[PDB]
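task: produce atomic coordinates for the following.
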Amino acid sequence: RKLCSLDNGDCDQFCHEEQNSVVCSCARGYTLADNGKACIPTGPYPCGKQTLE
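Numbering: from 1, shown residues only. Please see the structure below:
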């Protein structure tokens, strides 16, 4: 277990080892956070979220 194999590289969603090392990204409607790991919803109903409201 190295990069993306170790806890998905700490990424929220998509993980890629671009020329060694982890590179996280997000699905449409999400914007990668400042830490370059977390994914932030762009609106009221981001994909893949069970509707709480």
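
pretty sure residue 31 is touching residue 46, no?
No - in this structure, residue 31 is not within contact of residue 46 by CB atoms under 8 Å, at 10.1 Å. The way it works is simple: take the backbone N, C-alpha and C, and place the C-beta from them, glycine included.

more neighbours: the two, which one.
Taking other CB atoms under 10 Å, residue 31 and residue 46 do not tie; residue 46 has more neighbours (15 against 10).

what helix or strand is that one on?
Using DSSP states H and E, residue 46 maps to neither a helix nor a strand.

neighbours of residue 22, how many?
Neighbours around residue 22, by other CB under 10 Å: 18.

so the residue lying closest to it once chain neighbours are set aside, which state does it fall into?
Nearest in space to residue 22, with sequence neighbours left out and distances taken as CB to CB, 6 or more residues apart in numbering, is residue 9 at 3.5 Å. Classification of residue 9 by DSSP: H, G, I helix; E, B strand; the rest coil places it in helix.

would you confirm that residue 9 contacts residue 18?
No - with contact defined as CB under 8 Å, residue 9 does not count as touching residue 18 (10.7 Å).

which of the two has more neighbours?
residue 9 (18 against 8).

the more buried one and residue 44, how far apart?
As judged by CB to CB, to the nearest Å, residue 9 and residue 44 stand 29 Å apart.
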